[PDB]
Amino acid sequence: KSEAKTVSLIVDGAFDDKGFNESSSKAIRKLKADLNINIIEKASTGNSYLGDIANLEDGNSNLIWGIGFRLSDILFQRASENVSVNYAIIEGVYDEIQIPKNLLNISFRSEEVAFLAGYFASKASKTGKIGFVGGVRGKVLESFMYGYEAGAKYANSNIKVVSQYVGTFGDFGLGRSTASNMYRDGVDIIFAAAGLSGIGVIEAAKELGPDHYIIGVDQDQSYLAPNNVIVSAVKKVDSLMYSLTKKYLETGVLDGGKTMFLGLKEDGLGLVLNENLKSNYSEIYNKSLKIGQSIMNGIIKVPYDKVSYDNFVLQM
């Protein structure tokens, strides 16, 4: 078996985000539980990526996972320079370069699940004004923002959407103040797509009580605020990391040198309802799932950047 092997994991910021980074740790710990492999987990930061990952290498890791686009260039450099080490990255963002054979990149079509979140929030909102709180801007987050705004307009052409960015995935207090300002300005539902920062958005909703709703992200976040999180736009990082790593442990060769793309139809993303609010939002949830099937069948082409969004809006 694979018991002698080691799989390592490096994230940016804290593991304990109730979402994206946490899901990567869940996968690695489940691999340890099921296969009895060795694991190493490291929470890192930009000023020390190079040293932290060089250390996972020196621990003779058989596979090193990096999580999130902020690790893109470092994971690429280390893979390029260490041909005998295998690396995989969740959401590497690369422009010019060709991916080396010992690096596997995973890309999620986040705009697809964000479209479901926007459609849902737009149908559910009583004020007709909804919010989006993002983490760090860039290609990944813009896919969430434009997918959300497009799905919202698809549900109601005159929907009002307020978008703000915390600017980091690790500022809970700024998530809270951003959300508090939105709720005070007539927003009644906020999609928090902001890592740990978004948990502060949830805190703001809890502090304001009933009628301040959240669309959660990455994992089912209804348990964080069972009266306020209506639905969650999940990203199935843990399932994918487990299955890809298990295959790698069986073959010993990384299926790398490429980017694997996952959206709704690959079961890489999904929309998960809070059962405590079922009687009240089930009809909208079911309509949202039909929208998801239209996306999966290629009927709705979901925008993901400014150009595709502006075209989508003009062609509605």
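For every residue, the number given is its place in the sequence shown, counted from 1.
Once the C-alpha B-factors are averaged per stretch, 42-50 and 266-274 rank with 42-50 first. Higher mean CA temperature factor, per the PDB entry, when comparing 217-225 with 77-85: 77-85.
When the Cα B-factors of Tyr94, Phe132, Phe144, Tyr154 are read from the PDB record, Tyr94 comes out highest. Remark: of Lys126, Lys236, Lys101, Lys160, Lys101 shows the highest value [criterion: C-alpha B-factor in the PDB entry]. Ranked against the other modelled residues of its chain, the C-alpha B-factor of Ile295 as given in the entry falls in the middle third. Split the chain's modelled residues into thirds by C-alpha temperature factor. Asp12 is in the middle one. Residue-level temperature factors show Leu56 in the highest third of its chain, judged at the C-alpha atom. Annotation for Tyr281: C-alpha temperature factor in the highest third relative to the rest of the modelled chain, per the entry. Among the modelled residues of the chain, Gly186 sits in the highest third by CA temperature factor in this PDB entry.
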